[PDB]
Novice: 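Would you mind keeping the following structure in view while I ask a few things?
Numbered from 1 within each chain, the chains take letters A, B, ... in sequence-line order. Below, each value reflects all heavy atoms present in this structure, side chains not excepted, and no hydrogens, waters or symmetry copies.
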Amino acid sequence: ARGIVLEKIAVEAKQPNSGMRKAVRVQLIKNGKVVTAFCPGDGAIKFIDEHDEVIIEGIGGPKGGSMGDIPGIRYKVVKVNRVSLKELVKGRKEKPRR
Amino acid sequence: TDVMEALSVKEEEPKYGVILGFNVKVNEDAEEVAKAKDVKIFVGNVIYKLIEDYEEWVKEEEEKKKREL
Amino acid sequence: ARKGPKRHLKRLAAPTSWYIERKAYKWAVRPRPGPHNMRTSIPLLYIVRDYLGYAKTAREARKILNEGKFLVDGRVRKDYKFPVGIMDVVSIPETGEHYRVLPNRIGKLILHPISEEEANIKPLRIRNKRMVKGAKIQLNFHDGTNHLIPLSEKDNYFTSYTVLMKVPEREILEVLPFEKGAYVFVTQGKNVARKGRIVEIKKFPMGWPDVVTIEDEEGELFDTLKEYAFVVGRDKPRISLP
Amino acid sequence: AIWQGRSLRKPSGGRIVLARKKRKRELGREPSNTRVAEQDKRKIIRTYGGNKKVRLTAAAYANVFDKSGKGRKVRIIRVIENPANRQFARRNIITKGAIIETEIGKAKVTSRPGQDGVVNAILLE
Amino acid sequence: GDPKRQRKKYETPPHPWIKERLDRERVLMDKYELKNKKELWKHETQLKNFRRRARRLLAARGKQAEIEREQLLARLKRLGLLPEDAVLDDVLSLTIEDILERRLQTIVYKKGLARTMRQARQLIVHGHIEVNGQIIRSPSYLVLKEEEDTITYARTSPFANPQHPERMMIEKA
RNA sequence: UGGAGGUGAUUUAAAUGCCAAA
RNA sequence: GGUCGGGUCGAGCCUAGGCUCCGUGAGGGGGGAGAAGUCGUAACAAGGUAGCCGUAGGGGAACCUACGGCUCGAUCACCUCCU
RNA sequence: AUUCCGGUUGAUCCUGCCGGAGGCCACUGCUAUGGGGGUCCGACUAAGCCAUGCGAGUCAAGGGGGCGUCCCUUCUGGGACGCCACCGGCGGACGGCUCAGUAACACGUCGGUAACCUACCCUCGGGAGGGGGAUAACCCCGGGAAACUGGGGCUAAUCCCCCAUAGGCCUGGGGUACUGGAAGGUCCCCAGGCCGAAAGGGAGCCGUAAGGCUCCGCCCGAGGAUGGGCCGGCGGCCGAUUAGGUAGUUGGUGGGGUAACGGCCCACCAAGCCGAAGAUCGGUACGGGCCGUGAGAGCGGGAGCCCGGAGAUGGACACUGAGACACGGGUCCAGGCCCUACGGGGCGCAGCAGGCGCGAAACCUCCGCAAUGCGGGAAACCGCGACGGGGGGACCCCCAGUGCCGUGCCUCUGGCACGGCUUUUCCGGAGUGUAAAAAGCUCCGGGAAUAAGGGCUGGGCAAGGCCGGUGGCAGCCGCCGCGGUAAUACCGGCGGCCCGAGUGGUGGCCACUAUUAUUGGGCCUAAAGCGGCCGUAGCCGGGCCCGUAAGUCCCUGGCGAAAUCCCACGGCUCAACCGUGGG
Ligand SMILES: [Mg+2]
Ligand SMILES: [Mg+2]
Ligand SMILES: [Mg+2]
Ligand SMILES: [Mg+2]
Ligand SMILES: [Mg+2]
Ligand SMILES: [Mg+2]
Ligand SMILES: [Mg+2]
Ligand SMILES: [Mg+2]
Ligand SMILES: [Mg+2]
Ligand SMILES: [Mg+2]
Ligand SMILES: [Mg+2]
Ligand SMILES: [Mg+2]
Ligand SMILES: [Mg+2]
Ligand SMILES: [Mg+2]
Ligand SMILES: [Mg+2]
Ligand SMILES: [Mg+2]
Ligand SMILES: [Mg+2]
Ligand SMILES: [Mg+2]
Ligand SMILES: [Mg+2]
Ligand SMILES: [Mg+2]
Ligand SMILES: [Mg+2]
Ligand SMILES: [Mg+2]
Ligand SMILES: [Mg+2]
Ligand SMILES: [Mg+2]
Ligand SMILES: [Mg+2]
Ligand SMILES: [Mg+2]
Ligand SMILES: [Mg+2]
């Protein structure tokens, strides 16, 4: 699905793990609902800014739901402004429109 | 999608979420969504006649902010 | 056919008795109404072009037909949609060759060479018989054509008999009754293209069709429908058969 | 207008939702209420397959047949009774099975005037 | 319903990482110089099909079964996989190496046309080998027994000359 | 040797788990 | 073809009533996570008054009490019935 | 391959669910040398809205005209020859597109019509007699912004209308010739009525003329063929937190109407019809041949190719015709949109391309009627966005490449150095191919030259106990679990493993799963035996003898289209694909 970023948040890991996971709130263009999506990669949250548009998909946990130590988050970000996020995190490409 | 973007901007800035259409047309779904989510749209054909309307609406909202305060 | 008759025919839906390549092209020739039915006849164009091979394309096939080169039952046929069916005769007088159209052992139509002397006769099965104005008798044949006879002769003809007709004059020259000991040739069904002699006839109530038993040359007996049994002689065939 | 296709009710009583438009070959026509008059009047209808029907709208003569096989063409006075409808007799409507009175006695109609265009009756005793 | 879709002609392993299977397949791949695993898998499927047909016909009876039984035996011994007096039981003792020995590449190597398997592959692909008067450029083509002895250098090839330098080195072994 | 039931009784008060482990 | 009279079929439109869906919604109610707030210690050993089921009353809160039941109850003495 | 592996404890055996490992479909990250074959590509959300071009014509051998060129005599003219529109005939009801509606005789299958229509086509039997009439084209004058449209003059036909005869239909009375299992049918003879044909037209030779001789045609009757209409038995979804439903409703008698039978519709007379073996109502959906998966029994889907149904912005209704209530024909209402000189007038791509909108999600505003077919024509021929040919695309399947050899050296799989070889693939030419091209195929010249990525690396599960960063932070993690200054698990280097022109991510269905159990599961303590009993339908039912033949078994006739599936042989280099046979 395609959506618009509303704000950035951070979610605590489940016990007994420790840490904060970087996420965004997304408003879906097709029906106007608001969901939460995880941003994978080391330092990936720097490439997201408010009012960007993103492509999201499922996160791949049991029964099509959440996974790991982050319950409550069911999706992850795949593209940002029509550029692959994995590329941006590795390098090999630079975010357009500054 | 323009109305969605306008609502996203309005979320944190009431006075900057608005659309100014100059000699364009508004779709049925767009106007329905704007009416549902209460987003203001100013359509027009004359540049000053369109800008002055936005200015005066902003002024009216500003005065109504403190009228009930 | 939402509003009216069909005028087209796809290759994949063509009758199963033709020799034709079903995936080579999209369309096939939809035959014209005429003598036989769709299950026991084929258009003339395929006989000219695909079977005998005197033409490569349809366009030059139509040039042969429009010059009057083919005779069916002794009559010139120019229509490339005209149906040719069981027991018909195909003659090319310019090359001097004659054929009889017959079903195969698997049910498909083939051309069987014959002599010029035998090419002037055609056997016709009597499919129905009725009274017509002036108190005359009209005989309706297996290929759809009709003949008239006087009220004096009415007891020489019954359904399932075979009449040997001389073409193109259409004059009767023999009658072959349907009875025990008659020689028959099968034209449809699982036992198609087998031949033999009649042994028994059986009948049933309420409009179920009747069945016959046939003995072949080797001494085996087999059954079929009565209307699938074509009489061809008294105790030997009167025409050449494969 | 007059559709003779099918009923919209199942024999159990439930309703049927129509699944297509009305086809042209399923329509009927206005009944011809053949009356008694001074002068006869008929029209021609072009029907399915391009055939024809002769429709009789006003009748003044009739053909009456005796048990011996002879027939006479006489004129019609009135309709005594008509078992098909309760008020056909008053309005002088002629249908098959009606009893008409003539100048040579009462007769019972044996033809369908709206489908044939003539009135044939057999004499009563 | 749905129209026809063309299906693959080979089958993949049920588990991708099994140690013993990997070892066995590596031995075969190195010996016969195949390009990739699917090539090998192709031949495996052929073998299994033959076996599956033999198991079905041992348990059948009737008139069509006997026809198909003799057809299977005839096809098997036309390809050179069975001796001319073999019976249906002998179908169940075939192995994968029997099929890999019938490839055009292997046969070109064994007849002495080339010094190596890889050289044989190239000889075939570049078009220097003729089979029964016709040039074939598929190294995986399965050779019929009746045509095995008409396998030579193409009559237009550089190698169809006993004085060519590379041919002489091949003869040297 | 090992079991299954029944009837009697049973003498003050006495709550909680933090630094850690990392 | 126009105008009028008669008979019949009819989409749509208006009013009233009865059902039902979507959006907002003052006020109220429990559920689920969180664990560096708070008051007690009900369950596990006879858990310090054995625990639990049904019904009824009472109490900041876990809970307490009465009548009938179960063992998925510890210890000692005596009795009964077996192997 | 008829299969297992990780997870509940300090350790163990169970029940039970979650995860891994396989196949196929849609979207998507990174990366890509070549050819062949095929039924692939705006179906999922919007059966939403659409500028422009094209998607249906044809006949000069049916008829009078206009224009042009030549020949004869020409004051005129008469000829031939070729174009153009109009009248007239046939076609436009097929073909193409989409899947909204519909749980129904819609569809599959076996039967029926003795209860029905059919232009084109085939066979046999007959007929073509006598009159009349207008009008387009063309000339004069126009009206209106346009869309359209008025009056007067003159003319023809295979155009239209009469009269006759043949012929058709209805009813009553007789006779018994035909088919059939069986006559409200066919045939013959009387009698009373109603309707009611035709173009001896056109072309060519012999004709001095008289007139033949072919070619194409007009009307009626009997039958067939082709294409349909209508009817019946049987077969295939989910819900009781939907239990009673129906009142032209079920049947009868008498009619009307229809091409035809029928509550199809009326008038009268009754109280029937359906239902716990699930009526009625609500949900979801076009049906099938088939397709995916599985050892099988099964479970799931039904866009693309073929056969049937339905629709043309939503809802109603008619004209012509053999056939329509008609996608590129008409009328009204509702709802959009366009042009006006403001008086009015027009248009709905669910045809091929193309555009906007919606979305995660889908191509060129191309060439040809040469092949296959259809409509028209006596024929030669003409038209066809059907169909055929190409263009764009990691759609499916098949066959290939990114070098090979010898001798040395090396960390001996591999890498390097020498010497040689080949040219699939790449660059430039000739031929063949094609409607014309492009690909492809056969030759010629140059040259190892022009060509490797993606994921993983603690266990499951193949592969490192190496080095540098970070320090419960950052991050990883399908599941189990790693990370707290000495990380084989995070980030990077160097190694290694798997598959390879591909390789990974997300969502769906089958398998795994004997976690739906007929084959084939459970219910003392783990989920699960009604608190107890009596009994209606249903299911299950003791021994022997005689009969029957419904179930059941065997043999044989008529059916269940083609494509798709399996096998052998044959044609494209083999294959994929296509043909002939057997299942
Ligand atoms: Mg379908
Ligand atoms: Mg304590
Ligand atoms: Mg306590
Ligand atoms: Mg206690
Ligand atoms: Mg108390
Ligand atoms: Mg436990
Ligand atoms: Mg489609
Ligand atoms: Mg659409
Ligand atoms: Mg149509
Ligand atoms: Mg639907
Ligand atoms: Mg007349
Ligand atoms: Mg379905
Ligand atoms: Mg397009
Ligand atoms: Mg796509
Ligand atoms: Mg690493
Ligand atoms: Mg290992
Ligand atoms: Mg599972
Ligand atoms: Mg179990
Ligand atoms: Mg109990
Ligand atoms: Mg109990
Ligand atoms: Mg009981
Ligand atoms: Mg018994
Ligand atoms: Mg029986
Ligand atoms: Mg079939
Ligand atoms: Mg070959
Ligand atoms: Mg082959
Ligand atoms: Mg084939």
Novice: With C1' as the reference atom in both, quote the distance from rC230(H) to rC105(H) in angstrom, rounded to an integer.
Specialist: 11 Å
Novice: With north meaning a positive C1'-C2'-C3'-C4' (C3'-endo side) and south a negative one (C2'-endo side), sort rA36(G) into one of the two.
Specialist: south
Novice: Counting only side-chain heavy atoms from C-beta out, which of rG505(H), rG420(H), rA247(H) sits nearest to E166(E)?
Specialist: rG420(H)
Novice: What integer number of Å spans the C1' atoms of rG35(H) and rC97(H)?
Specialist: 36 Å
Novice: To the side chain of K26(C), which of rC387(H), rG22(H), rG223(H) is closest?
Specialist: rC387(H)
Novice: Counting any heavy atom closer than 4.0 Å, what does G4(C) reach on the DNA or RNA strands: base, sugar-phosphate only, or nothing?
Specialist: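 Here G4(C) touches the backbone only, sparing every base.
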Novice: Going by the sign of the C1'-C2'-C3'-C4' torsion, is the sugar of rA341(H) north or south?
Specialist: south
Novice: Checking all strands, does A28(C) fall into the base, sugar-phosphate, or nothing category for heavy-atom contacts under 4.0 angstrom?
Specialist: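 Sugar-phosphate, no base atom in range.
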Novice: Quick check for you: to the nearest 0.5 Å, what is the distance between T1(B) atom OG1 and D29(B) atom CG?
Specialist: 10.0 Å
Novice: If we check side-chain hydrogen bond (donor to acceptor under 3.5 Å, both in side chains) with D23(E), which of these qualifies: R21(E), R26(E), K19(E)?
Specialist: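 Filter result, single survivor: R26(E).
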Novice: Within the pair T159(C) and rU179(H), is there a side-chain N or O less than 4.0 Å away from OP1 or OP2?
Specialist: no
Novice: Nearest to the side chain of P5(C), heavy atoms from C-beta on, is which of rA119(H), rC358(H), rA361(H)?
Specialist: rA119(H)
Novice: Among the candidates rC122(H), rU226(H), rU102(H), find the nucleotide nearest to the side-chain atoms of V17(D).
Specialist: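 Ranking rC122(H), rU226(H), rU102(H) by closest atom to the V17(D) side chain puts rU102(H) first.
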Novice: May I ask you to verify if any side-chain N or O of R23(D) is less than 4.0 angstrom from the OP1 or OP2 atom of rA310(H)?
Specialist: yes
Novice: How would you label the glycosidic angle of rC559(H): syn (within 90° of 0) or anti?
Specialist: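 Base orientation relative to the sugar is anti.
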Novice: Is there a Watson-Crick or G-U wobble pair between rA11(H) and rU331(H), both distances under 3.5 angstrom?
Specialist: no
Novice: Looking only at N and O atoms, is any donor in the side chain of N120(D) or the base of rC170(H) less than 3.5 Å from an acceptor on the other one?
Specialist: yes
Novice: Measure distances between side-chain N and O atoms of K203(C) and base N and O atoms of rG181(H), and say whether any donor-acceptor pair falls under 3.5 Å.
Specialist: no
Novice: Can you check whether any acceptor in the base of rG321(H) is under 3.5 Å from a donor in the side chain of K24(D), or vice versa?
Specialist: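 Between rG321(H) and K24(D), which were checked side chain against base, a qualifying N/O pair under 3.5 Å is present.
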Novice: Would you indicate which nucleotide in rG172(H), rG581(H), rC569(H) comes nearest to any side-chain atom of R78(E)?
Specialist: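 Nearest nucleotide to the side chain: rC569(H).
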Novice: Once hydrogens and angles are ignored, does a donor-acceptor distance under 3.5 Å link the base of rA561(H) to the side chain of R22(C)?
Specialist: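 No, no donor-acceptor pair under 3.5 Å.
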Novice: May I ask you to decide if the ring planes of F159(E) and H128(E) are parallel, tilted or perpendicular, using 30° and 60° as cut-offs?
Specialist: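 The rings of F159(E) and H128(E) stand perpendicular, inter-plane angle above 60°.
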Novice: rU556(H) phosphate, OP1 or OP2: any side-chain N/O from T213(C) under 4.0 angstrom?
Specialist: no
Novice: Can you tell me how far P in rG91(H) sits from the matching atom in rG376(H), rounded to whole Å?
Specialist: 7 Å
Novice: Watson-Crick or G-U wobble, both distances under 3.5 angstrom: are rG415(H) and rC409(H) paired?
Specialist: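 They are paired, because both relevant distances stay under 3.5 Å.
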Novice: Quick one: is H15(E) getting a side-chain N or O under 4.0 Å of the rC461(H) phosphate, OP1 or OP2?
Specialist: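 So the side chain of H15(E) is within the cut-off, an N or O lying under 4.0 Å from OP1 or OP2 of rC461(H).
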Novice: Which nucleotide, if any, forms a Watson-Crick or G-U wobble pair with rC396(H), using both distances under 3.5 Å?
Specialist: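 Partner of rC396(H): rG37(H).
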Novice: Taking the P atom in each of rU365(H) and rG453(H), what is the distance between them to the nearest angstrom?
Specialist: 37 Å
Novice: I want to verify a distance call: between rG292(H), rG38(H), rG172(H), whose nearest atom is closest to the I122(D) side chain?
Specialist: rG172(H)
Novice: Salt bridge or not between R21(A) and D69(A)? Use side-chain N to carboxylate O under 4.0 Å.
Specialist: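 Result for this pair is yes, salt bridge flagged.
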Novice: If we take the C1' atom in both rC356(H) and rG321(H), what is their distance in whole Å?
Specialist: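 It works out to 42 Å between them.
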Novice: Watson-Crick or G-U wobble, both distances under 3.5 angstrom: are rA43(H) and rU249(H) paired?
Specialist: no
Novice: Which nucleotide sits closest to the side chain of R25(D): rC178(H), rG229(H), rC559(H)?
Specialist: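 Looking only at side-chain atoms, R25(D) lies closest to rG229(H).
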Novice: Could you tell me whether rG348(H) is syn or anti, where syn means a glycosidic angle within 90 degrees of zero?
Specialist: syn
Novice: Does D2(E) contact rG301(H) through a side-chain donor or acceptor facing the base, at a distance under 3.5 Å?
Specialist: yes
Novice: Report the base-pairing partner of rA103(H) (Watson-Crick or G-U wobble, both distances below 3.5 angstrom), or none.
Specialist: none
Novice: Check every atom of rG581(H), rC374(H), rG500(H) against the side chain of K81(C) and return the nucleotide holding the closest atom.
Specialist: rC374(H)
Novice: Which nucleotide in the set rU422(H), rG254(H), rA380(H) lies at the smallest distance from any side-chain heavy atom of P83(D)?
Specialist: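 Selected nucleotide (nearest to the side chain): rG254(H).
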Novice: Are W17(E) and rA462(H) stacked, counting the six-membered base ring, centres under 5.5 Å, planes under 30°?
Specialist: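 Aromatic stack with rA462(H) present for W17(E).
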Novice: Roughly how far apart, to the nearest Å, are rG309(H) and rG96(H) at atom P?
Specialist: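 Straight-line distance between the two P atoms is 15 Å.
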Novice: Does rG172(H) have OP1 or OP2 sitting under 4.0 Å from an N or O in the side chain of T110(D)?
Specialist: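 False: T110(D) side-chain N/O out of range (4.0 Å or more) of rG172(H) OP1/OP2.
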Novice: Taking the same atom, P, in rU226(H) and in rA119(H), what whole-Å distance lies between them?
Specialist: 15 Å
Novice: When rounded to the nearest 0.5 angstrom, what is the spacing between CZ in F158(C) and CD1 in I126(C)?
Specialist: 9.5 Å
Novice: Does the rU39(H) base have a donor-acceptor partner in the side chain of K23(C) within less than 3.5 Å?
Specialist: yes
Novice: Pull up the glycosidic torsion of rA276(H) and say syn or anti, syn being anything within 90° of 0.
Specialist: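 What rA276(H) shows is a syn base, its glycosidic angle lying within 90° of 0.
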Novice: Applying the 3.5 Å rule to both hydrogen-bond distances, is there a Watson-Crick or wobble pair between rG459(H) and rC479(H)?
Specialist: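 Yes, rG459(H) pairs with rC479(H), since both Watson-Crick or G-U wobble distances fall under 3.5 Å.
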Novice: Roughly how far apart, to the nearest Å, are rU320(H) and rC325(H) at atom P?
Specialist: 16 Å
Novice: For the pair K43(D) and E30(D), find out whether any cationic side-chain nitrogen is under 4.0 Å from an anionic carboxylate oxygen.
Specialist: no
Novice: With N140(C), which of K129(C), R130(C), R127(C) fulfils side-chain hydrogen bond (donor to acceptor under 3.5 Å, both in side chains)?
Specialist: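 The single option meeting the side-chain hydrogen bond (donor to acceptor under 3.5 Å, both in side chains) with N140(C) is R130(C).
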Novice: Looking at the angle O4'-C1'-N9-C4 for a purine or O4'-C1'-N1-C2 for a pyrimidine, is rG275(H) syn or anti, with syn meaning within 90° of 0?
Specialist: anti
Novice: Are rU76(H) and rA537(H) base-paired in the Watson-Crick or G-U wobble sense, both distances less than 3.5 Å?
Specialist: no
Novice: Nearest to the side chain of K96(D) - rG257(H), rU226(H), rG256(H)?
Specialist: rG256(H)
Novice: Using purine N1 to pyrimidine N3 plus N6-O4 or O6-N4 for Watson-Crick, or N1-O2 and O6-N3 for G-U wobble, each under 3.5 Å, what pairs with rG20(H)?
Specialist: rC4(H)
Novice: Partner of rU423(H) by Watson-Crick or G-U wobble geometry, both contacts under 3.5 Å, or none?
Specialist: none
Novice: Identify whether any heavy atom of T47(D) sits under 4.0 Å from a base atom; if not, whether one sits that close to sugar-phosphate; answer base, sugar-phosphate or nothing.
Specialist: sugar-phosphate
Novice: Does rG180(H) pair with anything, Watson-Crick or G-U wobble, both distances under 3.5 Å, and if so, with which nucleotide?
Specialist: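 Looking at the geometry, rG180(H) pairs with no nucleotide.
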Novice: Report the glycosidic orientation of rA93(H): syn if within 90° of 0, anti in every other case.
Specialist: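 Base orientation relative to the sugar is syn.
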Novice: Does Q6(E) contact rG38(H) through a side-chain donor or acceptor facing the base, at a distance under 3.5 Å?
Specialist: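 Answer is no: no donor-acceptor pair is held.
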Novice: Which nucleotide, in any strand shown, forms a Watson-Crick or G-U wobble pair with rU71(G), with both distances under 3.5 Å?
Specialist: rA50(G)
Novice: At 4.0 Å (heavy atoms only), tell me whether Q15(A) reaches a base, stays on the sugar-phosphate, or touches nothing.
Specialist: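 Sugar-phosphate only.
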Novice: Under 3.5 Å for both donor-acceptor distances, Watson-Crick or wobble: does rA56(H) have a partner, and if so which one?
Specialist: none
Novice: Rounded to the nearest 0.5 Å, what's the gap from CZ on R46(D) to NZ on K53(D)? Could you check?
Specialist: 13.0 Å
